[PDB]
Structures are given as C-alpha cells and as structure tokens.
Amino acid sequence: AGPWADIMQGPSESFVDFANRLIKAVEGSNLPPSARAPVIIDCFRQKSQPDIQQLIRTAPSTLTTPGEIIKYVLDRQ
C-alpha cells in the first residue's frame, strides 16, 4: 500500500483540496517521475467522493492528464 492509499476525499472536502493532498502523496513517493501522472488519474477514479467518481467515469475518454480531469470536475460539479 503506497502513500496514496491513505488519501481519500472527505465527506466535506472540496475536490481541489483532495487533489492537492493526493498529488503531494504521489509526488513524494518512490514512484518514478514519469509514473506520477497515470497513478494520479487512477486515484481520482478510485478515491474521490462517489458523486465525483461517477462524474469521472462518464467523462470523455479524451481527457488524458490530471489537469484536464481537475478542470473537468471544477467546471461540471
């Protein structure tokens, strides 16, 4: 279990704050730099609040970066 496992969006935490903690826990880990982006995305899918999880599952497959997912959530939530 990597340092992201402990990181899940709280019942009253804004997604951006959840994203911040998570990105922190991923960036300070032993993962190679090149591996951070795709791990961050999986965590967004698995560790967010349920409403946010369905939002990310419905999203266009053309969102490829953590930054596009964040922007998508903030605009549409």
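Note that the numbering runs from 1 along the sequence shown for the chain. All heavy atoms count here, side chains included; hydrogens, waters and symmetry mates do not.
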Gap separating the CZ atom of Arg45 from the CD1 atom of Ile40, nearest 0.5 angstrom
12.5 Å

Output all residues satisfying side chain to side chain donor-acceptor pair (under 3.5 Å) with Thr65, sequence neighbours left out; order by chain, then residue number.
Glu68

Hydrophobic clusters here meaning ILVMFWY residues chained together by side-chain heavy-atom distances under 4.5 Å, can you tell me if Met8 and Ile23 are in one?
no

Decide salt bridge (charged side-chain N to carboxylate O under 4.0 Å, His left out) for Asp75 and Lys71; before the verdict, give the C-alpha distance in whole Å, the side-chain angles of both, and the deciding distance to 0.1 Å.
CA-CA 6 Å; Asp75 293 341; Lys71 181 181 185 354; 3.3 Å; yes

Distance check, rounded to the nearest 0.5 Å: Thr64 atom OG1 versus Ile69 atom CD1?
8.0 Å

Residue pair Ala1 / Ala5: nearest heavy atoms and the distance that separates them
CB-CB, 4.1 Å

Pairwise ring pair (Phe, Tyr, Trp, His ring centres under 6.0 Å) hits with a residue in residues 44-64, at least two apart:
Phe15-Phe44

Please report the interatomic distance CD(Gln49) to CD(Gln77), rounded to the nearest 0.5 Å.
11.0 Å

Report yes or no: do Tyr72 and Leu22 belong to one cluster of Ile/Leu/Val/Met/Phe/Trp/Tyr joined by side chain heavy-atom distances under 4.5 Å?
yes

To the nearest 0.5 Å, atom CD of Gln9 lies from atom CD of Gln53 at 9.0 Å

Return yes when atom CZ of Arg76 has more than 12 non-hydrogen atoms of other residues, nucleotides or ligands closer than 6.0 Å, and no otherwise.
no

Pairwise distance OG(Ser14) to CD1(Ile52) - rounded to 0.5 angstrom:
9.5 Å

Quick one, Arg36 and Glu27 - any side-chain contact, counting heavy atoms below 4.5 Å?
yes

Shortest non-hydrogen contact between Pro66 and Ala37, atoms and distance
CG-O, 3.8 Å

Taking salt bridge (charged side-chain N to carboxylate O under 4.0 Å, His left out) as the definition, give me every residue that meets it alongside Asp51, ordered by chain and number, with sequence neighbours left out.
none

Considering only heavy atoms from C-beta outward, does the side chain of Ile7 approach that of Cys43 to under 4.5 Å?
no

